[PDB]
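1. Fold the following for me, if possible:
(3 chains, ligands or ions: 1)
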Amino acid sequence: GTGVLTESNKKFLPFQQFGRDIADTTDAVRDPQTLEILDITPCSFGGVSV
Amino acid sequence: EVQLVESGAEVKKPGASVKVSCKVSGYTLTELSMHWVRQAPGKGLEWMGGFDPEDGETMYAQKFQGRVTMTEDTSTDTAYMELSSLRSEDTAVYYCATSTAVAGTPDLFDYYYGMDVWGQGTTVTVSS
Amino acid sequence: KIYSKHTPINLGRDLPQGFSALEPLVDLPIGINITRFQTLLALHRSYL
Ligand SMILES: *[C@@H]1O[C@H](CO)[C@@H](O)[C@H](O)[C@H]1NC(C)=O
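-> Residues are numbered from 1 along each chain as shown, chains lettered A, B, ... in the order given. Below you will find the coordinate block:
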């Protein structure tokens, strides 16, 4: 997936690895090597009007 | 509650080892301290020796040290004791006695010493 | 799959009200047929 990876304040339980939003889209991920929670946010975008 | 049964009475020429058995029931040997006692006719019954729950395992009398050796079989649940070099004064009846090793719950348990339950005796006879 | 939870319940009804969600503790790759079960108890010898 494409996005930015940020520090998250969401307290994951020890069994929980993946995270979902209200949309059930991949919102956070736990890296297997070092066990911190990386919040995934899609990269900057918008509509362009001329 | 333990029940103790005995071996057969025997007579033997002096100069050989004897084999006295004690078979237990209900409670295994590892839960029980085992002791052995000689009773001569016309005399009081005297302690040959037995188990020690702490500071050692199995220890013998001072007048019988180096003569009586004592084995325990958990697989057949039998306590054997043997002694060589028979004497004419050893014409006597041999008893096996047992007691619990400890007493109480596993959280709070106390050590136990004594001879509770007496089995039937085996008459050993040394003659010509 | 075994899920478990330990909850301190103030003296009263053993099955309390409210919600206590059981976290997934362990999954075991067993692959056997199971139709019956039994509970294991610990028993203490008397020595008295
Ligand atoms: C490698 O991954 C495991 C988790 O599977 C983790 O416990 C361990 O710390 C990782 N190794 C290092 C050097 O971080």
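
2. How about the contacts made by the residue in chain A that chain C sits nearest to?
-> In chain A, the residue that lies nearest chain C is residue A:15 (5.1 Å; Cβ to the nearest Cβ). Placement of C-beta: from N, CA and C, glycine included. The neighbourhood of residue A:15, defined by Cβ atoms under 8 Å, 6 or more residues apart in numbering or on different chains, consists of C:23, C:24, C:25.

3. now the residues you listed in JSON lines, with distance to chain A and neighbour count?
-> JSON lines is the format used below for the contacts of residue A:15 (distance: Cβ to the nearest Cβ, whole Å; neighbours: other Cβ atoms under 10 Å in any protein chain shown):
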{"residue": "C:23", "distance to chain A": "6", "neighbour count": "12"}
{"residue": "C:24", "distance to chain A": "5", "neighbour count": "13"}
{"residue": "C:25", "distance to chain A": "8", "neighbour count": "12"}
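
4. Mind checking which of those land in helices?
-> For the contacts of residue A:15, membership in helices holds for none, with DSSP state H as the criterion.

5. Verify the stated contact: residue B:7 with residue B:78.
-> No - taking contacts as Cβ atoms under 8 Å, residue B:7 lies outside contact range of residue B:78: 9.4 Å.

6. need the residues of chain A near chain C, please.
-> For chain A, the contact set with chain C under Cβ under 8 Å from any Cβ of the partner chain comprises A:13, A:15.

7. The residue of chain A found nearest chain B in helix, strand or coil?
-> Of all residues in chain A, residue A:14 sits closest to chain B, at 31.8 Å by Cβ to the nearest Cβ. When states are read from DSSP: H, G, I helix; E, B strand; the rest coil, the local structure at residue A:14 comes out as coil.

8. Look up how far residue A:31 lies from it.
-> 15 Å (Cβ to Cβ, to the nearest Å).

9. same question, residue B:90
-> Remark: distance between residue B:90 and residue A:31 (Cβ to Cβ) = 81 Å.

10. quick one: the strands in chain C?
-> Counting by DSSP state E, the segments of chain C that form strands are C:2-4, C:23-26.

11. Done for today, thanks.
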